[PDB]
4 protein chains.
Amino acid sequence: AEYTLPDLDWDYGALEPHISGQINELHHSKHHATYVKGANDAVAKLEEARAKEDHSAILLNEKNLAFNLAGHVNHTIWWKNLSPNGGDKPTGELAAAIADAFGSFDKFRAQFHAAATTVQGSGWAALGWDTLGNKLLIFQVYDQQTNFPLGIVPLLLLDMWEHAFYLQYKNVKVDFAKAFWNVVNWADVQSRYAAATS
Amino acid sequence: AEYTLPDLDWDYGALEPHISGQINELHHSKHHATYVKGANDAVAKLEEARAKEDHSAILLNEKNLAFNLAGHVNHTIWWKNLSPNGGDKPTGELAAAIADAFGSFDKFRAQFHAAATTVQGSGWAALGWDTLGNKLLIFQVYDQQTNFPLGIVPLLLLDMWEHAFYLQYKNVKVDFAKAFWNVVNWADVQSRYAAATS
Amino acid sequence: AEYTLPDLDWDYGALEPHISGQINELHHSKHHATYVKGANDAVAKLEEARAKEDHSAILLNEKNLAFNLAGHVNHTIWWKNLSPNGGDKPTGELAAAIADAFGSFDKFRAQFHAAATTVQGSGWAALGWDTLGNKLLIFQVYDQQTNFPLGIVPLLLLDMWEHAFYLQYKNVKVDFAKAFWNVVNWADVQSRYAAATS
Amino acid sequence: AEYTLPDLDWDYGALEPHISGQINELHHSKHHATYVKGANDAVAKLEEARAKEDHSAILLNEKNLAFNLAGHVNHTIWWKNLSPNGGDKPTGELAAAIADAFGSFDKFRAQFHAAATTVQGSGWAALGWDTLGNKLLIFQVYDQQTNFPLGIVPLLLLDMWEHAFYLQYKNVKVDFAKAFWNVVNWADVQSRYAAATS
Ligand SMILES: [Fe+3]
Ligand SMILES: [Fe+3]
Ligand SMILES: [Fe+3]
Ligand SMILES: [Fe+3]
């Protein structure tokens, strides 16, 4: 049926001071809200293309279908990764996963931070699981749909779009990508991981 | 451990006349061969970055890791999708999947063809399963790692890179994307699908 | 010698209420400031690559050289296009240029607005002169360095990066791309045009 | 008026053995031929959009207008840069330009080669003149329209698209990017340069 904008497991301001409630609202209710509709639209148009056997604009339908389903898919997980009782570090299976995968949790943080802070333009930092080589990796996502292989299982995302922190951190993304760690929903992450390795 | 170039379930010329044996060789032994090594390299470099806690070139490591693991991941499936005893149409569960998903198998072919034939530059045509909205969709992949959402399960791919058909079809990709259907490994596709819906 | 961040021909708040002084500062002193240094860096690195005859990271040097020189080049013109005594419409030669080129000034505005408001991610709207076919065209720039032909002469740019209006307009870029017209430096534009046709 | 496919200043095989006559034909008469029409089309469509004040597909019109005018613009210069009586090295003003700009002609070759040989996917290697910082630089062009700043003056291009050498060199682009130098039209380059500095 249709894609729909999902509910937060918390109150828009749950995250201060690390993330502005202000931001959360706009993000969820505005920006997510949107991808959810483009998503639905593009699908719709393909529906119609095929029904009229006219794929003149195929290039454009695949690009909008890609772009919104993708922002929709990342913003959904972004929410789940966030949490007011989140923070510290991962434990057990995931935590181990991490150190063998990146040496230590700090090693991983580090790279994750670099990943995120150097996107040239819009983008995201993502920890995904490689079913290919059963590895744990970090990709630097450009925009919402580019720069990683098909089949990767997402684990922890961190929105680096300017609308993700400009109201608060302004031009200092560095500060925002730091704050980020203080609300990370490790639980959600650990679940995501278990499932993917299963 | 490392990524490795996989073995074909057939003899390089199994596919004539639809695809030149010549091509298959070059493709497998040359082009795939390569992505498999970049893949391994980029991983390696990240290993080293972190070990030297120097992520100055993070942008470049994530881009090479993305680009080769991605060509590696697509060329692997590309092989499996191909088959000398392949062809005709899908049956059962997948075949049904298809008609409710794109109206008919011809409707789907059509769109799939358009998808593929209009890439602006390098690229691929891909049928992937949406775990999000449990849908069956077609994406137009640019290069090897761009233009589709994270978490999509690949089902049927069709390499549209010039090195995929220039020796044979020259500038007429249209002809090649047609021939394509005659060696499609529906079996492989139907399996891929069952698994993803499971 | 080096690229340098240029001086504004006005006071940071000259532009309210159409553009926040706040924004102008950040933009100029922060974001521009930056591209000007990446610009200088990347150049520097190429200098060094060649001096050590090691172009292992060529991919990355060309990408940073492209990306910063490009943001540097667009933000420079962006400033010049802006003006507190700007506005209304173009006159004379340019104004004529425009109507034969896009039918009317409103026709052109319209398209220019659409151009800008639909970028998928970072980007800009640009009016450039085609020395090829001596035409006047509008391109939709992605990020800072992609989506237009080599040799185009820039005439009027409009920054659509989220950091260009989020503090003020928040998620409503539409509103910002409207306000835009009220400070357009037609004079600067008309000069730019004369020169290019010469 | 319209963009038109230009005439070569030589016979399709003028370039063997360095470039296959076969290739030249296909390239000129097929691939160029095409960009010249997309070019004309996209323009046409914008014409129509505006006439119907319907810019729903603006994203797609700007992308096709960008992509074909760009391949059209690069392939045009590509022809001019090529020459049967070409080769050796540049002289006078340009030659000097080069050594102060990249240290030596070999330093420049080197970087130019690296530039070209590592494109990830489609792309080109380009020497352009920076009116910004009056510099001489090399950019790595992705596809046909991405990866360099607006306002760069093209000087020497080298098509790295697979259809530019696969028939001949197959997967060994390295060999082709070498051969390249043997037909470079320095004259054309030296003129291009004089003009740009003027
Ligand atoms: Fe976002
Ligand atoms: Fe391939
Ligand atoms: Fe900006
Ligand atoms: Fe070409």
# chains A, B, ... in the order shown; residues from 1 in each chain; ligands from 1
call {"tool": "interface_residues", "arguments": {"of": "chain A", "to": "chain C", "cutoff": "12 Å", "atoms": "only C-alpha atoms", "output": "PyMOL selection string"}}
result
chain A and resi 22-23+25-35+38+60+63-68+70-71+118-124+142-146+160-173
call {"tool": "residues_around", "arguments": {"residues": "residue 10 of chain A", "least_positions_apart": "5", "cutoff": "12 Å", "atoms": "only C-alpha atoms", "output": "ChimeraX atom specification"}}
result
/A:15-16,21,24-25,28,79-85
call {"tool": "residues_around", "arguments": {"residues": "residue 43 of chain C", "least_positions_apart": "3", "cutoff": "9 Å", "atoms": "only C-alpha atoms", "output": "PyMOL selection string"}}
result
(chain C and resi 38-40+46-48+61-62+64-65) or (chain D and resi 137)
call {"tool": "write_last_selection", "arguments": {"atoms": "N, CA and C atoms", "output": "PDB file, in the first residue's frame"}}
result
ATOM      1  N   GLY C  38      39.850  25.303   0.612  1.00  0.00           N
ATOM      2  CA  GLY C  38      40.006  23.981   0.002  1.00  0.00           C
ATOM      3  C   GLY C  38      40.678  24.182  -1.342  1.00  0.00           C
ATOM      4  N   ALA C  39      40.141  25.191  -2.022  1.00  0.00           N
ATOM      5  CA  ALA C  39      40.617  25.591  -3.349  1.00  0.00           C
ATOM      6  C   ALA C  39      42.150  25.630  -3.337  1.00  0.00           C
ATOM      7  N   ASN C  40      42.634  26.553  -2.511  1.00  0.00           N
ATOM      8  CA  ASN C  40      44.070  26.647  -2.288  1.00  0.00           C
ATOM      9  C   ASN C  40      44.690  25.347  -1.871  1.00  0.00           C
ATOM     10  N   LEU C  46      48.123  18.957  -5.684  1.00  0.00           N
ATOM     11  CA  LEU C  46      48.484  18.551  -7.050  1.00  0.00           C
ATOM     12  C   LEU C  46      49.960  18.908  -7.318  1.00  0.00           C
ATOM     13  N   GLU C  47      50.341  20.048  -6.740  1.00  0.00           N
ATOM     14  CA  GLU C  47      51.680  20.621  -6.859  1.00  0.00           C
ATOM     15  C   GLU C  47      52.722  19.606  -6.382  1.00  0.00           C
ATOM     16  N   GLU C  48      52.340  19.070  -5.237  1.00  0.00           N
ATOM     17  CA  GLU C  48      53.073  18.082  -4.502  1.00  0.00           C
ATOM     18  C   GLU C  48      53.034  16.708  -5.140  1.00  0.00           C
ATOM     19  N   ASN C  61      42.378  14.258  -5.607  1.00  0.00           N
ATOM     20  CA  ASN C  61      42.862  15.639  -5.752  1.00  0.00           C
ATOM     21  C   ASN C  61      42.029  16.427  -6.763  1.00  0.00           C
ATOM     22  N   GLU C  62      41.588  15.707  -7.778  1.00  0.00           N
ATOM     23  CA  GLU C  62      40.784  16.354  -8.818  1.00  0.00           C
ATOM     24  C   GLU C  62      39.388  16.623  -8.320  1.00  0.00           C
ATOM     25  N   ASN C  64      38.704  17.258  -5.065  1.00  0.00           N
ATOM     26  CA  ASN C  64      38.685  18.410  -4.147  1.00  0.00           C
ATOM     27  C   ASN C  64      39.022  19.648  -4.966  1.00  0.00           C
ATOM     28  N   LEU C  65      39.911  19.527  -5.944  1.00  0.00           N
ATOM     29  CA  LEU C  65      40.146  20.762  -6.660  1.00  0.00           C
ATOM     30  C   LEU C  65      38.906  21.244  -7.382  1.00  0.00           C
TER      31      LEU C  65
ATOM     32  N   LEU D 137      44.663  24.354 -15.375  1.00  0.00           N
ATOM     33  CA  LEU D 137      44.482  23.172 -14.571  1.00  0.00           C
ATOM     34  C   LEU D 137      43.928  21.994 -15.303  1.00  0.00           C
TER      35      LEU D 137
END
call {"tool": "select_by_dssp", "arguments": {"residues": "segment 83-142 of chain D", "states": "helix (DSSP H, G or I)", "output": "PyMOL selection string"}}
result
chain D and resi 92-102+105-117
call {"tool": "atom_distance", "arguments": {"atom1": "atom CA of residue 109 of chain D", "atom2": "atom CA of residue 36 of chain C"}}
result
27.1 Å
call {"tool": "select_by_dssp", "arguments": {"residues": "segment 9-145 of chain B", "states": "strand (DSSP E)", "output": "ChimeraX atom specification"}}
result
/B:123-130,135-142
call {"tool": "write_last_selection", "arguments": {"atoms": "N, CA and C atoms", "output": "compact mmCIF listing (two decimals), in the first residue's frame"}}
result
# COMPACT_ATOMS: atom_id res chain seq x y z
N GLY B 123 26.17 2.44 -16.14
CA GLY B 123 24.94 2.16 -15.39
C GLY B 123 24.37 0.77 -15.57
N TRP B 124 23.24 0.48 -14.93
CA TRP B 124 22.64 -0.86 -14.99
C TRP B 124 21.12 -0.73 -14.81
N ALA B 125 20.42 -1.79 -15.17
CA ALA B 125 18.95 -1.77 -14.91
C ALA B 125 18.65 -2.73 -13.77
N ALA B 126 17.98 -2.37 -12.67
CA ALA B 126 17.82 -3.37 -11.63
C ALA B 126 16.42 -3.49 -11.06
N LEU B 127 16.01 -4.75 -10.92
CA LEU B 127 14.76 -5.21 -10.31
C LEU B 127 15.06 -5.55 -8.84
N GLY B 128 14.56 -4.78 -7.87
CA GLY B 128 14.98 -5.14 -6.52
C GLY B 128 13.75 -5.25 -5.66
N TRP B 129 13.91 -5.90 -4.52
CA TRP B 129 12.66 -6.06 -3.73
C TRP B 129 12.67 -5.06 -2.60
N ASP B 130 11.57 -4.36 -2.42
CA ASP B 130 11.51 -3.37 -1.39
C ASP B 130 11.06 -3.94 -0.07
N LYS B 135 7.58 -4.08 -1.86
CA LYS B 135 7.17 -3.93 -3.26
C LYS B 135 8.32 -4.55 -4.11
N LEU B 136 7.97 -4.70 -5.36
CA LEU B 136 8.87 -5.16 -6.42
C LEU B 136 9.22 -3.95 -7.30
N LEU B 137 10.47 -3.45 -7.27
CA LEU B 137 10.67 -2.31 -8.13
C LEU B 137 11.86 -2.39 -9.02
N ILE B 138 11.83 -1.42 -9.93
CA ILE B 138 12.92 -1.29 -10.90
C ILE B 138 13.59 0.08 -10.67
N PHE B 139 14.90 0.01 -10.56
CA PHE B 139 15.73 1.20 -10.34
C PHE B 139 16.68 1.35 -11.55
N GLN B 140 17.14 2.55 -11.83
CA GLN B 140 18.14 2.71 -12.94
C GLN B 140 19.49 3.01 -12.26
N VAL B 141 20.37 2.03 -12.21
CA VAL B 141 21.59 2.29 -11.48
C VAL B 141 22.61 3.09 -12.22
N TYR B 142 23.12 4.17 -11.62
CA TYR B 142 24.16 4.92 -12.33
C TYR B 142 25.52 4.35 -11.88
call {"tool": "residues_around", "arguments": {"residues": "residue 97 of chain A", "least_positions_apart": "5", "cutoff": "10 Å", "atoms": "only C-alpha atoms", "output": "PyMOL selection string"}}
result
chain A and resi 90-92+102-105+135-136+190+193
call {"tool": "write_last_selection", "arguments": {"atoms": "C-alpha atoms", "output": "short mmCIF file (atom, residue, chain, number, x, y, z; two decimals), in the first residue's frame"}}
result
data_model
loop_
_atom_site.label_atom_id
_atom_site.label_comp_id
_atom_site.auth_asym_id
_atom_site.auth_seq_id
_atom_site.Cartn_x
_atom_site.Cartn_y
_atom_site.Cartn_z
CA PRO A 90 27.23 -0.82 22.43
CA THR A 91 27.42 -4.07 24.45
CA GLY A 92 27.74 -7.74 23.89
CA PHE A 102 37.20 -1.52 13.31
CA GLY A 103 39.65 -2.37 16.02
CA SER A 104 37.94 -0.59 18.89
CA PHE A 105 34.79 1.38 19.56
CA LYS A 135 31.73 -7.61 7.09
CA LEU A 136 30.76 -4.54 9.10
CA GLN A 190 22.22 -4.17 18.45
CA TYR A 193 22.73 -6.16 13.89
#
call {"tool": "closest_residue", "arguments": {"among": "D:198, D:20, D:182, D:74", "to": "ligand 4", "atoms": "only C-alpha atoms and all ligand atoms"}}
result
D:74
call {"tool": "atom_distance", "arguments": {"atom1": "atom CA of residue 77 of chain C", "atom2": "atom CA of residue 7 of chain C"}}
result
11.7 Å
call {"tool": "closest_residue", "arguments": {"among": "B:49, B:183, B:99, B:196", "to": "residue 151 of chain B", "atoms": "only C-alpha atoms"}}
result
B:196
call {"tool": "atom_distance", "arguments": {"atom1": "atom CA of residue 37 of chain B", "atom2": "atom CA of residue 56 of chain C"}}
result
15.6 Å
call {"tool": "closest_residue", "arguments": {"among": "A:73, A:57, A:195, A:132", "to": "ligand 1", "atoms": "only C-alpha atoms and all ligand atoms"}}
result
A:73
